[PDB]
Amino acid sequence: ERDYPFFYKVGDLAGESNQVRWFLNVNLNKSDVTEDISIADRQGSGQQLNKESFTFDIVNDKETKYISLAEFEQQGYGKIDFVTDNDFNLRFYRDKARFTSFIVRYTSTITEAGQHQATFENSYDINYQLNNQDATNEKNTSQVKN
């Protein structure tokens, strides 16, 4: 099994025209967690977040599920909060995140100004805590070449 970071984010320009496909890769190695996982996401310029595009690829040693944002929340996995049109906070509750990976897929529409950018960016601040470890806080910015 490949050794992935607890969290990483990437994107590409595959599929739909004038859209950026983003991916939030959470706990791919299915480690245990001692608290909720909280992501504060601030999207870069030249993009308009498609708030209805979110899907969740959830996997553990019991089952594989691909659900919508509404289902993600209805089933007790977590909650999202769109704080602006392009910024959102996403939380994964402790219990269902234990030994479970989440690949969150969503898109953003590329604006006229965005079409002329060299790259597309998305920044995040994530808080989480693993077993026998102190809480972790990571911040970074991912880029997609245009």
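The first residue of the sequence shown is number 1, and the count goes up from there.
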Task: Comparing 87-95 with 108-116, the one whose average Cα B-factor in the PDB entry is higher - done: 108-116
Task: Mean temperature factor over C-alpha atoms, higher-scoring stretch between 98-106 and 45-53 - done: 45-53
- [ ] Using the entry's values, work out which of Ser38, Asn27, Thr34, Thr64 has the largest Cα B factor.
- [x] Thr34
Task: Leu130, C-alpha B-factor rank within chain (lowest, middle or highest third) - done: highest
Open item on the list: Could you place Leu13 in the lowest, middle or highest third of its chain by Cα temperature factor, using the values in the record?
Closed with: highest
